[PDB]
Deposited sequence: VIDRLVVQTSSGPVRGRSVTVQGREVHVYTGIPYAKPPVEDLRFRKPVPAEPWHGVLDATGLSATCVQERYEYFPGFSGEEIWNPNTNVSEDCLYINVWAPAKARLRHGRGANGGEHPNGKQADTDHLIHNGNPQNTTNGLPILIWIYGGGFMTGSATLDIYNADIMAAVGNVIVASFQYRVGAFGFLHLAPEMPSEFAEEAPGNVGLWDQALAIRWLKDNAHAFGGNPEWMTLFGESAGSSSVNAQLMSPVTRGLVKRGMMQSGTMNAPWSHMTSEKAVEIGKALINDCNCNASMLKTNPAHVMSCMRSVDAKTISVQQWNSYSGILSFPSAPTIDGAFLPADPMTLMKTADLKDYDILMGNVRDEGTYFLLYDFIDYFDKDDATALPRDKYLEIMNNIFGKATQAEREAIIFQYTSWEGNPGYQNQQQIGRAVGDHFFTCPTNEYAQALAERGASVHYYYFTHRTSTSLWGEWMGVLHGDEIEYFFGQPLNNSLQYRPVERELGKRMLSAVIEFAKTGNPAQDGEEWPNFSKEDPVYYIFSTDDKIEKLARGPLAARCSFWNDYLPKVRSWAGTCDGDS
């Protein structure tokens, strides 16, 4: 057939599409690992059984076990981020979009986010049809295990004989295996195995970070785009000891005596591999404590993550790395709405009084020193405008600043200091069809559509300015993947460094200056320079 490709594991046939005047061959649902079920739950992935007879790659694959967000039942803005194929443990599958230096096309690999608890490669928003066609590049995506299925970490609690029972981070190992699979099969799809770029958003972005710097994988890919997600962010890493405690609570929460873990490991694990996945998928959420602190995250395990995400870069030198990273204007509004939904409304702004500003701020930063609490609270007191709507606005900035934008800023400075070629963007456009309330502004994840080039899709409703910005943001990705540099020629987009922290504003207003330094530096110097000093007694 004109649509069978001969992979390292066997023959597979996809389907052919015609996007933007270009034929692309779309192969979805290719297995890259054995179905991680039965005794293979919680364990590292193992390469898939070679097959005979061409495998049907025209359907969407299953999504990894996870729970549906139903905070706004029916409301579509929430459900477009829920699974759109059935959930299953049998979920380790790859997708490749392949068009119709000399030795093959570039290959871009997407890693979705969703807080290491949720997410899926099959969401329409991640369709790489347009990107491949207009970019004339190869794009791939894949499911990786999320929640306790990917991050149950119990090894310290057992004898060393049982180390591989639940080592942790196996969702990172999934990505590693899927990435290795693509490098092995790049040439078979028309791709140049040495021309690969990772890109992802939120947790996917943090995973890109992890795949680039892990000792297990360091060297295979040196070119990556991290949208709103870096491993130094608080939600993106977790101690061994915390994971063990969260882990054994899930054990107790599924009625396997976690007290027995130390003396009879084999028995407790057998119990955990007997529980219906739906039960794990629910009870893991008991250990959800406060905002943006999920019970699953990349764990310091002395294996995939040998140390803390700020002791990684003491050492290594990144002369060969090309990095594109950035943020959106209102990273935190979405999370603030969800974790304080008693106060807030997805449609209307909330005039929040002073006492309840203190009550909410003191909640979010309740684990910081009160002298930090006091300093954050003063750094975000309003004095101009109508004070009610501004209080809510300022809590949103505080959330987004502390948890996303300024962790990104800091890592960007760290990378450029060790020699990487870093380019920084800031996404400020509020999509004209956004179904969320106006006060929530430019939402976390709002920029994904644009980098994927969905505004080129004439069947989707977008303003002509929006189509233009979509064309421009997609070309940033393609040019970066192609040359390591997002900048068009005749476009100034200089390198980002601590010495010169310039960033490119992605926006639909053409009256603004699109190169800027000051504003992000002022917001983040609070978090990255000043607040470290008040912690010192």
Q | In sequence order, the deposited-sequence ranges that have no modelled C-alpha atom | A | 1 to 2, 103 to 136, 574 to 581
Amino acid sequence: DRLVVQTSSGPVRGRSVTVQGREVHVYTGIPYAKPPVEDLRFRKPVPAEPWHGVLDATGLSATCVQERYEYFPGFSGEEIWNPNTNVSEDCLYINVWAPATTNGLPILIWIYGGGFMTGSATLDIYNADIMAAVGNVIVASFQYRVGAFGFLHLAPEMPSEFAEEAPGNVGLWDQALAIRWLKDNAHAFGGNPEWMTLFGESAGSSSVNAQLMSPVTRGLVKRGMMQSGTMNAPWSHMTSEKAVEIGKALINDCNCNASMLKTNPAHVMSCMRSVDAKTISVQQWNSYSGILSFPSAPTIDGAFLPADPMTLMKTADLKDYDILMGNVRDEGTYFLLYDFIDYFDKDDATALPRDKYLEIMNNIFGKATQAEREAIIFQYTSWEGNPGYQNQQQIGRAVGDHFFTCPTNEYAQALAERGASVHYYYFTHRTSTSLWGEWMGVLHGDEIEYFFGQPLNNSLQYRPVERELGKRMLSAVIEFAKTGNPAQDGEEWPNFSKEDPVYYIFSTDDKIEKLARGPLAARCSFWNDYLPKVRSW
From here on, numbers count along this sequence of modelled residues.
Q. Going by the B-factors listed in the PDB entry, is the mean over the C-alpha atoms higher for 275 to 283 or for 229 to 237?
A. 275 to 283
Q: Can you let me know which of the two, 421 to 429 or 258 to 266, has the higher average C-alpha B-factor in the entry?
A: 258 to 266
(Q) Highest recorded C-alpha temperature factor, please, choosing from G113, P156, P295, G74. (A) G74
Q) At the C-alpha atoms, which of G396, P353, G326, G445 reaches the highest B-factor in this entry? A) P353
Q | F452 CA temperature factor, ranked by third within the chain | A | middle
Q) Hey, what third does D348 fall into on Cα B-factor, ranked over its chain? A) highest
(Q) What third of the chain does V221 rank in for C-alpha temperature factor, lowest, middle or highest? (A) lowest
Q. Going by what the PDB entry lists, where does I138 fall on CA B-factor within its chain: lowest, middle or highest third?
A. middle
Q. Comparing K471 with the other modelled residues of its chain, is its CA B-factor in the lowest, middle or highest third?
A. middle
